[PDB]
Number of protein chains: 2
Amino acid sequence: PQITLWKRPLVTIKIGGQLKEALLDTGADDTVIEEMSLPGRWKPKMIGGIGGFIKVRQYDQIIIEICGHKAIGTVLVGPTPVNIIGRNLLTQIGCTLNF
Amino acid sequence: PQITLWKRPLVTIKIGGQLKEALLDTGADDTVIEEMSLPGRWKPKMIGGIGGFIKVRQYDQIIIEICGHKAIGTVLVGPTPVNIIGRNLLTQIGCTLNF
Ligand SMILES: O=C(CC(c1ccc(F)cc1)c1ccc(F)cc1)Nc1cccc(F)c1CC[C@H]1CN[C@@H]2CCCS(=O)(=O)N1C2
Ligand SMILES: O=C(CC(c1ccc(F)cc1)c1ccc(F)cc1)Nc1cccc(F)c1CC[C@H]1CN[C@@H]2CCCS(=O)(=O)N1C2
Ligand SMILES: [Cl-]
Ligand SMILES: [Cl-]
Ligand SMILES: [Cl-]
Ligand SMILES: [Cl-]
């Protein structure tokens with residue numbers, strides 16, 4: 001689909017069998033979601049935002065569906081204000097910016 | 001153009017007579033630029049995101065040139081770690097997400 005930007009580009013994602021709302025964010029290097037349980041081991045990671053840095057948990061090779069498109073990749077879990085789909089997964093679903 | 005997302009979508013912008021590098025950010029509702037002088041009235045505002053909040057100066061009806069396209073809108077000026085072009089200006093240049 002073609003998504004205009006008059007409103008937030010919010011989509012439904014499915015992760016761990018649950019539906020959640022997330023924002024398609026070209027300004028985010030990686031994907032970060034609010035607290036939830038994910039399988040496997042995690043690694044430490046620091047990500048920087050407008051307000052400063054936060055610690056997150058990095059989970060690898062996580063199955064995630066984005067607006068019905070199947071992706072498998074890195075998902076960070078932490079104190080984010082909104083669920084964000086970053087470039088690591090936008091590239092998997094073949095998302096580009098056009099003007 | 002068609003901008004892929006393997007790397008950060010950085011573009012050159014012209015604002016208040018100055019050339020700056022800025023990130024095309026679909027997750028940002030509005031444009032945020034690092035400390036600089038802009039003409040006219042302004043109002044203080046606090047904006048939040050990953051890492052917390054920053055205090056900014058909200059300037060209205062600011063002209064910005066992005067990839068040769070002139071756009072007018074609100075520009076928030078403050079201690080952001082990167083200049084970000086938000087949806088308020090991306091809509092004006094006809095920028096869409098496509099997948
Ligand atoms: O990708 C970056 C780093 C990036 C940067 C690039 C050039 C630089 F030289 C320095 C760092 C950056 C940092 C702050 C920022 F405001 C924009 C980009 N962080 C990140 C990584 C993973 C997930 C994530 F949600 C973020 C954060 C994205 C931002 C921007 N899109 C949304 C819009 C509201 C602001 S935010 O900070 O909450 N946020 C979500
Ligand atoms: O938009 C947010 C705050 C927002 C959020 C969401 C859920 C929460 F529990 C808490 C904060 C958020 C954070 C990260 C993200 F990736 C996307 C959105 N900040 C921001 C970041 C960068 C640029 C920018 F102009 C803004 C400010 C946008 C304004 C206008 N439009 C809305 C309207 C209410 C006023 S406001 O000043 O907060 N604001 C949001
Ligand atoms: Cl959706
Ligand atoms: Cl990944
Ligand atoms: Cl505006
Ligand atoms: Cl349009």
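So that the names make sense, note that chain A is the first sequence line, chain B the second, and so on, each numbered from 1. Every number for a ligand or one of its atoms is a count from 1 in the order of the listing.
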Q. Taking only residues two or more places apart in sequence, or in another chain, which ones meet B:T74 in a side-chain hydrogen bond (donor to acceptor under 3.5 Å, both in side chains)?
A.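 Only B:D60 meet the side-chain hydrogen bond (donor to acceptor under 3.5 Å, both in side chains) criterion with B:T74.
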
(Q) If the condition is side-chain hydrogen bond (donor to acceptor under 3.5 Å, both in side chains), which residues does A:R57 pass it with, not counting sequence neighbours? (A)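 Testing A:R57 for side-chain hydrogen bond (donor to acceptor under 3.5 Å, both in side chains), a comparison that skips the adjacent residues, returns A:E35, A:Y59.
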
**Q.** Minimum heavy-atom distance A:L89-A:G73, with the two atoms named
**A.**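 Where A:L89 meets A:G73 most closely, the heavy atoms are CD2-CA, 4.1 Å.
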
Q: Check the pair A:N98, B:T96 against side-chain hydrogen bond (donor to acceptor under 3.5 Å, both in side chains), reporting the backbone distance first and the verdict last.
A: CA-CA 5 Å; A:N98 299 81; B:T96 57; 4.9 Å; no

**Q.** Distance (rounded to the nearest 0.5 Å) between A:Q18 CD and A:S37 OG
**A.**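 Rounded to the nearest 0.5 Å, the CD-OG separation comes to 8.5 Å.
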
Measure and list all N/O to N/O distances between ligand 1 and the protein that fall under 3.5 angstrom.
unit_1	atom_1	unit_2	atom_2	d
ligand 1	1 (O)	A:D29	N	2.9
ligand 1	1 (O)	A:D29	OD1	3.3
ligand 1	1 (O)	A:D29	OD2	3.4
ligand 1	19 (N)	A:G48	O	2.9
ligand 1	31 (N)	A:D25	OD1	3.2
ligand 1	31 (N)	A:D25	OD2	2.8
ligand 1	31 (N)	B:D25	OD1	2.9
ligand 1	31 (N)	B:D25	OD2	3.0
ligand 1	37 (O)	A:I50	N	2.8
ligand 1	38 (O)	B:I50	N	2.9

Q: Just grab all the ring-ring contact (aromatic ring centres under 6.0 Å, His included) pairs involving residues 64-99 of chain A, residues at least two apart or on different chains.
A: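 Pairs touching residues 64-99 of chain A that pass the test: A:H69-B:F99, A:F99-B:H69.
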
